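*Asks:* The structure is given below, and queries will be raised subsequently.
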Amino acid sequence: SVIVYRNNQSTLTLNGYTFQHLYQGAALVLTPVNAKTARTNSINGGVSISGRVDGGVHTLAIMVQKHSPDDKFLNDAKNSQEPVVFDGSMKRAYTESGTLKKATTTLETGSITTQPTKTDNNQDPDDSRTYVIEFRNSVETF
Amino acid sequence: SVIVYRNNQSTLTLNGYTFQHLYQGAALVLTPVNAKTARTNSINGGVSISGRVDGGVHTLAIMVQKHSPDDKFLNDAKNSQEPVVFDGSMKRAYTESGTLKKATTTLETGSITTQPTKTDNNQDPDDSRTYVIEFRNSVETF
Amino acid sequence: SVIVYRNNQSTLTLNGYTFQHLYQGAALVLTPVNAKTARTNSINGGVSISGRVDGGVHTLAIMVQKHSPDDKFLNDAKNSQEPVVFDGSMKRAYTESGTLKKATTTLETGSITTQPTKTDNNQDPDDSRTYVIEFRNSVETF
Amino acid sequence: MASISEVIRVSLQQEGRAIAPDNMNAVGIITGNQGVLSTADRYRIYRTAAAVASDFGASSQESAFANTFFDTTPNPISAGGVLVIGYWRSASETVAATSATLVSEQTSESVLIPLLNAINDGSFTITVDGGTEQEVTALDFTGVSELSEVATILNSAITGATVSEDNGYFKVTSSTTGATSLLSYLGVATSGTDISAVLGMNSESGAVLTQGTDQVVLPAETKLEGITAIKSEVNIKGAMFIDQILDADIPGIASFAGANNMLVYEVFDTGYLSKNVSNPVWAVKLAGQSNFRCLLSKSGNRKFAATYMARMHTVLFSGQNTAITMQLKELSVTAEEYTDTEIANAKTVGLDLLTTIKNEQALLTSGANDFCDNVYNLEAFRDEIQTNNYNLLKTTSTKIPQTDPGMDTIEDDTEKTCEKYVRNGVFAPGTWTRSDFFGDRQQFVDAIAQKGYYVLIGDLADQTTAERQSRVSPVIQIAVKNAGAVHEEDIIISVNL
Amino acid sequence: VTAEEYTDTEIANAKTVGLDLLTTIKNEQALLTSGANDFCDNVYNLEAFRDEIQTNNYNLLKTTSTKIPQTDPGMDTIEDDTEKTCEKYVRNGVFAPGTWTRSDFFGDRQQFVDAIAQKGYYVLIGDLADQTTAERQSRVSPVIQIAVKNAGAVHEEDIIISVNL
């Protein structure tokens with residue numbers, strides 16, 4: 001249908017801190033690690049539907065500037081003595097036809113799960129710190 | 001043989017709701033997850049033919065607009081407390097030579113099985129929500 | 001945010017010896033071998049956060065000139081009777097907006113873990129000795 | 001000395017309230033006793049024999065039929081159905097003239113109480129039309145927690161008219177009966193703050209106001225054909241009659257059954273055992289009035305209809321395999337004694353027999369008229385197709401277009417229902433025996449042999465603009481094949497020594 | 001505290017006029033609440049909720065040391081703060097997902113009821129557009145609208161048992 005967004009990228013904020021230095025070129029990405037329901041399927045038109053406990057478990061890959069307030073926050077999170085839970089939201093504003101709706105996706109208790117692969121070059125500039133915060137519930141609503 | 005279709009894409013409808021915001025560029029795709037019959041083959045011209053119980057089990061990958069009535073329906077399906085069964089049909093109209101035939105494929109009890117990998121970019125626009133509803137019986141008839 | 005670095009590459013020094021013949025074209029690279037925290041996730045909004053013991057374990061791939069003081073140091077390290085521990089730091093200087101900050105990453109007890117794949121050509125020049133010193137703690141701070 | 005009975009209230013023998021269902025098996029037993037049901041009181045819905053008797057009396061005929069109905073161990077209620085009782089004016093219907101009656105639409109108790117609580121005074125203008133129009137002001141509702149209280153306050157407020165509360169409805173009835181009018185919809189008094197608007201019985205507000213009739217009325221005795229009224233108000237699907245249906249009415253009621261899309265079970269004594277045209281049941285058979293099921297009882301046991309109606313309709317139409325025949329099903333009435341010749345005659349003239357086999361209840365159906373399983377299954381199928389198509393189209397809140405995608409949607413709705421039925425036990429894939437078809441032989445027989453059903457919808461092209469503006473889709477054509485039900489088995493055994 | 005002795009009629013009266021009763025059931029302390037006035041659980045939960053929303057919003061805004069702008073990202077931040085608190089409460093036992101009984105709402109029926117039936121709460125923040133410059137210079141965000149649905153608490157159980165013989 002007809003649709004247009006404000007807010008170029010999904011504005012994002014974890015622990016009441018908003019990410020504002022996002023590496024241009026598809027920084028955020030949400031990946032469902034698992035299915036939403038596994039099934040066992042028996043003879044003659046019979047199946048069994050069971051929503052797994054890993055339903056919303058989503059990994060969020062974030063790309064941030066090599067040394068930025070956003071990378072400072074994520075790094076201080078990474079180096080904490082006790083791994084810091086992450087709660088927050090990814091959301092966009094968008095006007096459906098004329099009506100203004102907001103598409104939000106909560107992010108429950110999550111944590112670091114892959115450190116950035118810290119690469120420094122000389123040929124070419126590279127400021128690409130990619131964290132992956134993988135939560136358990138990522139419910140989009142709209 | 002000579003053949004021409006009306007209905008550019010296979011018009012599709014699950015749970016009495018018809019998909020009308022299909023991502024252009026091969027949105028729907030039906031994949032047979034398994035064989036139709038496994039066989040054990042013994043000596044001197046002897047085989048045994050056994051149609052499996054997973055015969056029609058087909059995964060249907062759907063590509064829909066990032067925030068569309070179709071994605072709204074699929075998402076509300078995805079986030080239900082109890083995973084919602086999907087029943088419906090994929091079908092096309094087509095005139096064989098002059099006669100008008102309809103090629104239909106039922107889709108029995110199915111469910112979400114891979115969430116869309118929610119990707120948001122800045123370089124380039126990306127509104128590509130790919131769900132995968134994998135049913136158990138997908139019988140084409142014509 | 002606004003940011004500019006002095007010190008083209010992250011100036012690096014192990015065992016009080018500084019690497020100064022770095023193969024141009026992304027010589028240093030830090031890779032996190034493991035996660036920062038594994039989790040087990042149970043029903044109805046419950047997870048368990050546990051930071052692994054392999055948290056900072058980072059492999060540092062170094063590319064150095066085929067026969068250089070840097071390769072001499074790394075080689076003499078490689079051929080020692082007793083494998084030589086490596087301690088030191090990777091760090092960059094950089095001015096945030098006007099303020100001059102230093103981004104440092106310690107490297108604790110580490111050692112050789114993949115020898116360079118010594119390749120010598122005739123078609124084309126190749127002076128590419130790639131060592132991989134993989135430490136256990138690699139804490140970036142800034 | 002406080003009690004449990006205020007925090008954990010435990011009681012016995014409470015009849016669950018029954019509501020008219022969309023279900024196929026909401027069967028009807030039509031009675032001919034004006035003792036409890038009026039023309040207006042055209043029917044009443046039940047789920048327990050106990051309540052049935054407690055309304056009619058355990059000594060009543062209707063009570064006994066209710067028992068015989070409720071004893072069939074597969075009971076229609078077990079499949080989410082209800083029993084109903086209707087009423088047709090067998091005798092001289094005397095209707096005592098009542099008073100003018102006023103009802104509030106607003107059943108909601110919760111919303112009303114706070115508004116009444118806030119208002120200290122009141123104002124209120126009714127007209128019993130018996131003289132001076134009422135001017136009622138001194139209304140207080142502050143001490144009210146329940147609708148009964150505001151009701152009683154109104155009672156003390158209106159002269160010559162008792163008010164009360166029934167199930168969210170506020171009934172106002174003048175004391176006088178016959179040709180006395182309570183026209184006013186509570187109006188407004190200039191002498192206080194109104195309750196009329198919030199009470200929901202304003203002239204603008206929807207409200208039924210049955211003005212008092214002139215005098216007692218005597219509806220003439222209707223015919224059993226007056227059953228038209230019952231389906232007019234209840235949407236039953238299986239009907240009866242306490243009395244025996246007289247022969248001259250048989251074709252009429254049969255045609256009614258065929259047209260109004262329901263079943264009608266009827267019994268006959270051995271006299272109607274013939275292939276003669278004069279015999280009404282054979283007339284039904286030759287006429288194809290397959291919805292008028294004919295039954296046999298040498299005693300003429302009308303109760304045999306009940307346990308019959310109560311045994312066919314127990315089916316859910318959503319489970320895996322639920323389409324039942326009635327060959328040899330347990331019933332709740334004593335079988336009778338027959339000799340062979342009328343067993344065969346009943347088999348070949350459409351009647352059904354409840355007899356003895358190996359000293360057991362044995363119900364045998366026939367195929368002269370269409371099978372009970374077949375007609376009942378088909379009928380539920382057609383009604384269910386109609387209802388799924390209807391609620392796809394007016395309550396789905398996203399009206400489906402004449403887009404070819406939309407036409408495909410309306411095709412899929414009926415295709416999905418046909419799926420529900422093949423995955424139900426009514427239809428099974430198989431070769432198509434008939435010659436007539438639609439679309440084209442190849443797809444028709446292919447789908448029937450594979451899917452057991454075939455839905456082909458007319459193209460938007462083939463529909464003229466004249467009926468397009470009428471907002472009616474093309475005529476969908478669905479073709480089904482029944483699943484075979486084993487009723488007979490014949491086997492021959494030799495002895496190699 | 002020692003319970004007292006009451007007869008039935010004032011038990012019912014107290015239930016229907018909002019009082020609470022500490023009485024005897026099966027020779028035990030039994031405290032019964034009422035619903036005439038709003039439930040104790042409901043009012044206390046709501047009150048802690050509102051105060052906690054106020055405080056989380058406050059300390060998001062003056063002690064976080066990174067003052068949040070009227071950037072649409074910042075407005076989204078201030079929306080997420082209250083959304084996160086609402087999460088804390090649905091994952092607490094006060095609010096549960098469910099259908100919305102009331103008629104009044106905000107934003108649009110579809111998203112409202114959808115979120116309540118799924119997430120148990122809905123936070124919709126006014127757009128920066130809808131706020132005049134007069135109050136923008138006042139440094140006050142738009143009026144956020146949050147909608148919650150209580151989790152049902154079992155207080156009564158009524159059950160009827162027949163004897164098939």
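Letters A, B, ... mark the chains of the structure tokens in the order given; residue numbers begin at 1 per chain; ligand numbers begin at 1, in order shown.
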Using only C-alpha atoms, which protein or nucleic acid residues come within 12 Å of residue 140 (chain C)? Drop anything in the same chain fewer than 3 positions from it, and give the result as a CSV table (one decimal) with N, CA, C and O atoms, in the first residue's frame.
*Replies:*
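Result saved to around_15.csv:
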```csv
chain,number,residue,atom,x,y,z
A,66,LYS,N,33.8,4.2,14.7
A,66,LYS,CA,34.9,3.5,15.3
A,66,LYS,C,35.1,3.9,16.8
A,66,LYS,O,35.4,3.1,17.7
A,67,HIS,N,35.0,5.2,17.0
A,67,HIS,CA,35.1,5.7,18.4
A,67,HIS,C,34.1,6.8,18.5
A,67,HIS,O,34.4,8.0,18.2
A,71,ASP,N,29.6,4.0,20.3
A,71,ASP,CA,30.6,3.0,20.5
A,71,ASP,C,31.1,3.1,21.9
A,71,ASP,O,31.5,2.1,22.5
A,72,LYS,N,31.2,4.3,22.5
A,72,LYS,CA,31.6,4.4,23.9
A,72,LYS,C,30.6,3.7,24.8
A,72,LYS,O,31.0,3.0,25.7
A,74,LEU,N,28.4,1.3,24.0
A,74,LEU,CA,28.4,-0.1,23.7
A,74,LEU,C,29.7,-0.8,24.3
A,74,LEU,O,29.7,-1.9,24.9
A,75,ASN,N,30.8,-0.1,24.2
A,75,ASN,CA,32.1,-0.6,24.7
A,75,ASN,C,32.1,-0.7,26.2
A,75,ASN,O,32.4,-1.7,26.8
A,76,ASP,N,31.7,0.4,26.9
A,76,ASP,CA,31.6,0.4,28.3
A,76,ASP,C,30.6,-0.7,28.8
A,76,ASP,O,30.8,-1.3,29.8
A,77,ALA,N,29.6,-1.0,28.0
A,77,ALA,CA,28.8,-2.1,28.3
A,77,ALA,C,29.6,-3.4,28.1
A,77,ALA,O,29.4,-4.3,28.9
A,78,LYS,N,30.4,-3.5,27.1
A,78,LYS,CA,31.1,-4.7,26.8
A,78,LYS,C,32.1,-5.1,27.9
A,78,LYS,O,32.3,-6.2,28.2
A,79,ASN,N,32.7,-4.0,28.5
A,79,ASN,CA,33.8,-4.2,29.4
A,79,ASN,C,33.4,-4.2,30.9
A,79,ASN,O,34.2,-4.2,31.7
A,80,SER,N,32.1,-4.2,31.1
A,80,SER,CA,31.6,-4.2,32.5
A,80,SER,C,32.0,-5.4,33.2
A,80,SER,O,32.2,-6.5,32.6
A,115,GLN,N,31.7,-9.6,19.8
A,115,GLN,CA,32.4,-8.4,19.8
A,115,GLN,C,32.7,-7.9,18.4
A,115,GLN,O,32.7,-8.7,17.5
A,116,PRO,N,32.9,-6.6,18.2
A,116,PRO,CA,33.3,-6.2,16.9
A,116,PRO,C,34.6,-6.8,16.5
A,116,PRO,O,35.5,-6.9,17.4
A,118,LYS,N,37.7,-5.9,15.4
A,118,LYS,CA,38.4,-4.6,15.4
A,118,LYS,C,39.5,-4.7,14.3
A,118,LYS,O,40.5,-5.3,14.4
C,30,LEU,N,42.0,-7.3,14.9
C,30,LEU,CA,41.6,-8.0,16.1
C,30,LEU,C,40.3,-8.7,15.9
C,30,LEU,O,39.3,-8.0,15.5
C,56,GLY,N,37.4,-11.8,26.6
C,56,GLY,CA,38.3,-11.0,25.7
C,56,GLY,C,39.1,-11.7,24.8
C,56,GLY,O,40.0,-11.0,24.1
C,58,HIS,N,41.1,-12.6,22.1
C,58,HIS,CA,41.1,-11.9,20.8
C,58,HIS,C,42.3,-12.4,20.0
C,58,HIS,O,43.4,-12.5,20.6
C,89,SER,N,50.2,-3.4,24.0
C,89,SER,CA,49.1,-2.6,23.7
C,89,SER,C,49.0,-2.2,22.2
C,89,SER,O,50.0,-2.0,21.5
C,90,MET,N,47.7,-2.1,21.8
C,90,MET,CA,47.4,-1.5,20.5
C,90,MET,C,46.6,-0.2,20.8
C,90,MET,O,45.6,-0.2,21.5
C,91,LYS,N,47.1,1.0,20.4
C,91,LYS,CA,46.3,2.2,20.6
C,91,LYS,C,46.5,3.2,19.5
C,91,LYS,O,47.5,3.2,18.8
C,92,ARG,N,45.5,4.1,19.5
C,92,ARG,CA,45.5,5.2,18.6
C,92,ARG,C,45.3,6.5,19.3
C,92,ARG,O,44.7,6.5,20.4
C,102,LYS,N,42.9,9.3,23.8
C,102,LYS,CA,43.7,8.2,23.4
C,102,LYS,C,42.9,7.0,23.6
C,102,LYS,O,42.5,6.7,24.7
C,103,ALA,N,42.8,6.2,22.6
C,103,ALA,CA,42.0,4.9,22.6
C,103,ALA,C,43.0,3.8,22.7
C,103,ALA,O,43.7,3.5,21.7
C,104,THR,N,43.1,3.1,23.8
C,104,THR,CA,44.0,2.1,24.1
C,104,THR,C,43.3,0.7,24.3
C,104,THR,O,42.2,0.7,24.7
C,105,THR,N,44.0,-0.3,23.9
C,105,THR,CA,43.5,-1.7,24.0
C,105,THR,C,44.7,-2.5,24.5
C,105,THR,O,45.7,-2.7,23.8
C,106,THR,N,44.6,-3.0,25.8
C,106,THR,CA,45.7,-3.8,26.3
C,106,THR,C,45.6,-5.2,25.6
C,106,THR,O,44.6,-5.6,25.1
C,107,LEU,N,46.8,-5.9,25.7
C,107,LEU,CA,46.9,-7.3,25.2
C,107,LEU,C,47.7,-8.0,26.2
C,107,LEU,O,48.9,-7.8,26.3
C,137,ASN,N,42.9,-11.4,27.1
C,137,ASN,CA,42.2,-10.2,27.5
C,137,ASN,C,42.6,-9.1,26.5
C,137,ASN,O,43.7,-8.8,26.3
```
*Asks:* Residues of chain E within 9 Å of chain A, counting only C-alpha atoms, what are they? List them as a count of residues only.
*Replies:* 25
*Asks:* Give as a list in words every residue of chain B that touches chain A within 6 Å, counting only C-alpha atoms.
*Replies:* residues 53, 68, 112, 113, 114, 115, 117, 118, 119, 120, 121, 122 and 123 of chain B
*Asks:* Mind dumping the selected residues with C-alpha atoms as a short mmCIF file (atom, residue, chain, number, x, y, z; two decimals), in the first residue's frame?
*Replies:*
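What landed in part04.cif:
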```
data_model
loop_
_atom_site.label_atom_id
_atom_site.label_comp_id
_atom_site.auth_asym_id
_atom_site.auth_seq_id
_atom_site.Cartn_x
_atom_site.Cartn_y
_atom_site.Cartn_z
CA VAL B 53 4.22 -38.96 5.07
CA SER B 68 1.71 -3.22 4.71
CA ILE B 112 5.26 -19.24 10.66
CA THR B 113 8.61 -20.96 10.49
CA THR B 114 11.22 -18.26 9.76
CA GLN B 115 10.68 -14.68 10.79
CA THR B 117 15.30 -10.85 8.86
CA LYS B 118 14.38 -7.28 9.63
CA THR B 119 16.97 -5.15 7.83
CA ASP B 120 16.93 -1.36 7.68
CA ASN B 121 19.45 0.53 5.59
CA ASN B 122 20.38 4.12 4.84
CA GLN B 123 22.35 3.80 1.60
#
```
*Asks:* Give me, please, the distance in Å between CA of residue 395 (chain D) and CA of residue 69 (chain B), quoted to one decimal.
*Replies:*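 Interatomic distance, CA of residue 395 (chain D) to CA of residue 69 (chain B): 17.9 Å.
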*Asks:* Taking a cut-off of 6 Å and counting only C-alpha atoms, can you build a table that, for each residue of chain D near chain E, reports the nearest atom pair and how far apart they are in Å (one decimal), sorted by chain then residue number, as JSON lines?
*Replies:*
```
{"residue": "D:2", "atom": "CA", "partner": "E:7", "partner_atom": "CA", "distance": 5.9}
{"residue": "D:7", "atom": "CA", "partner": "E:156", "partner_atom": "CA", "distance": 5.7}
{"residue": "D:8", "atom": "CA", "partner": "E:157", "partner_atom": "CA", "distance": 5.5}
{"residue": "D:9", "atom": "CA", "partner": "E:158", "partner_atom": "CA", "distance": 5.3}
{"residue": "D:10", "atom": "CA", "partner": "E:158", "partner_atom": "CA", "distance": 5.7}
{"residue": "D:11", "atom": "CA", "partner": "E:160", "partner_atom": "CA", "distance": 5.6}
{"residue": "D:12", "atom": "CA", "partner": "E:160", "partner_atom": "CA", "distance": 5.4}
```
*Asks:* Any chance you can output those residues with C-alpha atoms as an mmCIF file, in the first residue's frame?
*Replies:*
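result_10.cif written:
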```cif
data_model
loop_
_atom_site.group_PDB
_atom_site.id
_atom_site.type_symbol
_atom_site.label_atom_id
_atom_site.label_comp_id
_atom_site.auth_asym_id
_atom_site.auth_seq_id
_atom_site.Cartn_x
_atom_site.Cartn_y
_atom_site.Cartn_z
ATOM 1 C CA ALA D 2 -19.616 -15.314 58.640
ATOM 2 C CA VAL D 7 -16.415 -15.594 48.899
ATOM 3 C CA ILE D 8 -16.715 -19.130 47.501
ATOM 4 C CA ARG D 9 -20.361 -19.519 46.504
ATOM 5 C CA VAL D 10 -21.108 -23.185 45.796
ATOM 6 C CA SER D 11 -24.595 -24.289 44.775
ATOM 7 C CA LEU D 12 -26.347 -27.186 43.041
#
```
*Asks:* Contacts of residue 107 (chain D) at 8 Å or less, counting only C-alpha atoms, minus same-chain residues fewer than 3 places along, as a ChimeraX atom specification?
*Replies:* /D:104,167-169
*Asks:* How close does each residue of chain D get to chain B, giving the shortest atom pair and distance in Å to one decimal for every residue with an atom at most 7 Å away, counting only C-alpha atoms, sorted by chain and residue number, as a tab-separated table?
*Replies:*
```
residue	atom	partner	partner_atom	distance
D:405	CA	B:11	CA	6.1
D:409	CA	B:16	CA	6.4
D:412	CA	B:89	CA	6.7
D:413	CA	B:16	CA	6.0
D:416	CA	B:88	CA	6.7
D:443	CA	B:142	CA	5.8
D:447	CA	B:141	CA	6.6
```
*Asks:* For CA of residue 151 (chain E) and CA of residue 96 (chain E), quote the distance in Å rounded to one decimal.
*Replies:*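 Value for the CA of residue 151 (chain E)-CA of residue 96 (chain E) distance: 4.8 Å.
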*Asks:* Please report the interatomic distance between CA of residue 116 (chain D) and CA of residue 182 (chain D) in Å with one decimal.
*Replies:*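 Separation between CA of residue 116 (chain D) and CA of residue 182 (chain D): 23.4 Å.
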*Asks:* Output as a ChimeraX atom specification all residues of region 6-137 of chain A that backbone DSSP marks as strand (DSSP E or B).
*Replies:* /A:11-14,17-18,22,29-32,38-42,46-50,58-64,86-95,100-114,119,129-134
*Asks:* Determine, counting only C-alpha atoms, which protein, DNA and RNA residues have an atom within 7 Å of an atom of residue 192 (chain D); residues of the same chain fewer than 3 positions away are not included. Present the result as a VMD selection string.
*Replies:* chain D and resid 121 to 123 137 189
*Asks:* Would you save the residues from that selection as a PDB file, in the first residue's frame, using N, CA and C atoms?
*Replies:*
```pdb
ATOM      1  N   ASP D 121     -31.219  15.242  42.366  1.00  0.00           N
ATOM      2  CA  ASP D 121     -32.622  15.393  42.028  1.00  0.00           C
ATOM      3  C   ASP D 121     -32.929  14.596  40.762  1.00  0.00           C
ATOM      4  N   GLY D 122     -34.109  14.810  40.196  1.00  0.00           N
ATOM      5  CA  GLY D 122     -34.465  14.146  38.958  1.00  0.00           C
ATOM      6  C   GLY D 122     -35.610  14.878  38.302  1.00  0.00           C
ATOM      7  N   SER D 123     -35.911  14.479  37.071  1.00  0.00           N
ATOM      8  CA  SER D 123     -37.137  14.930  36.434  1.00  0.00           C
ATOM      9  C   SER D 123     -37.550  13.897  35.402  1.00  0.00           C
ATOM     10  N   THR D 137     -40.618  14.525  39.549  1.00  0.00           N
ATOM     11  CA  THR D 137     -39.352  15.204  39.803  1.00  0.00           C
ATOM     12  C   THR D 137     -38.539  14.577  40.920  1.00  0.00           C
ATOM     13  N   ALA D 189     -39.063  17.071  32.046  1.00  0.00           N
ATOM     14  CA  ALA D 189     -39.750  18.029  32.897  1.00  0.00           C
ATOM     15  C   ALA D 189     -38.880  19.266  33.033  1.00  0.00           C
TER      16      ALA D 189
END
```
*Asks:* Would you please work out which residue, of B:132, B:110, B:126, B:82, is nearest to residue 40 (chain A) when using only C-alpha atoms?
*Replies:* B:110
*Asks:* Quick one: pick out all helix (DSSP H, G or I) residues within chain B from a backbone DSSP run and write them as a VMD selection string.
*Replies:* chain B and resid 69 to 78
*Asks:* With N, CA, C and O atoms retained, could you export that selection as a PDB file, in the first residue's frame?
*Replies:*
```pdb
ATOM      1  N   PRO B  69      -0.649  -3.779   4.913  1.00  0.00           N
ATOM      2  CA  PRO B  69      -1.733  -4.658   5.344  1.00  0.00           C
ATOM      3  C   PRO B  69      -1.356  -6.120   5.289  1.00  0.00           C
ATOM      4  O   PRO B  69      -1.694  -6.875   6.204  1.00  0.00           O
ATOM      5  N   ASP B  70      -0.647  -6.546   4.248  1.00  0.00           N
ATOM      6  CA  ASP B  70      -0.213  -7.933   4.198  1.00  0.00           C
ATOM      7  C   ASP B  70       0.800  -8.226   5.293  1.00  0.00           C
ATOM      8  O   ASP B  70       0.698  -9.242   5.990  1.00  0.00           O
ATOM      9  N   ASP B  71       1.774  -7.338   5.483  1.00  0.00           N
ATOM     10  CA  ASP B  71       2.710  -7.541   6.579  1.00  0.00           C
ATOM     11  C   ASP B  71       2.031  -7.344   7.921  1.00  0.00           C
ATOM     12  O   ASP B  71       2.428  -7.960   8.906  1.00  0.00           O
ATOM     13  N   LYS B  72       1.005  -6.498   7.985  1.00  0.00           N
ATOM     14  CA  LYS B  72       0.270  -6.366   9.237  1.00  0.00           C
ATOM     15  C   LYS B  72      -0.415  -7.671   9.600  1.00  0.00           C
ATOM     16  O   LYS B  72      -0.351  -8.119  10.749  1.00  0.00           O
ATOM     17  N   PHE B  73      -1.056  -8.302   8.623  1.00  0.00           N
ATOM     18  CA  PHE B  73      -1.711  -9.578   8.865  1.00  0.00           C
ATOM     19  C   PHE B  73      -0.700 -10.640   9.260  1.00  0.00           C
ATOM     20  O   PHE B  73      -0.877 -11.340  10.264  1.00  0.00           O
ATOM     21  N   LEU B  74       0.384 -10.755   8.497  1.00  0.00           N
ATOM     22  CA  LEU B  74       1.387 -11.763   8.808  1.00  0.00           C
ATOM     23  C   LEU B  74       2.030 -11.509  10.162  1.00  0.00           C
ATOM     24  O   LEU B  74       2.310 -12.451  10.904  1.00  0.00           O
ATOM     25  N   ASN B  75       2.275 -10.247  10.505  1.00  0.00           N
ATOM     26  CA  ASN B  75       2.912  -9.940  11.775  1.00  0.00           C
ATOM     27  C   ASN B  75       1.982 -10.262  12.931  1.00  0.00           C
ATOM     28  O   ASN B  75       2.378 -10.928  13.892  1.00  0.00           O
ATOM     29  N   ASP B  76       0.734  -9.801  12.852  1.00  0.00           N
ATOM     30  CA  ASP B  76      -0.224 -10.123  13.898  1.00  0.00           C
ATOM     31  C   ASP B  76      -0.368 -11.624  14.042  1.00  0.00           C
ATOM     32  O   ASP B  76      -0.579 -12.135  15.146  1.00  0.00           O
ATOM     33  N   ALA B  77      -0.242 -12.351  12.937  1.00  0.00           N
ATOM     34  CA  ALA B  77      -0.155 -13.797  13.034  1.00  0.00           C
ATOM     35  C   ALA B  77       1.087 -14.218  13.801  1.00  0.00           C
ATOM     36  O   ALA B  77       1.030 -15.109  14.652  1.00  0.00           O
ATOM     37  N   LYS B  78       2.217 -13.578  13.522  1.00  0.00           N
ATOM     38  CA  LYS B  78       3.471 -14.002  14.125  1.00  0.00           C
ATOM     39  C   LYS B  78       3.473 -13.764  15.624  1.00  0.00           C
ATOM     40  O   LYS B  78       4.036 -14.557  16.384  1.00  0.00           O
TER      41      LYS B  78
END
```
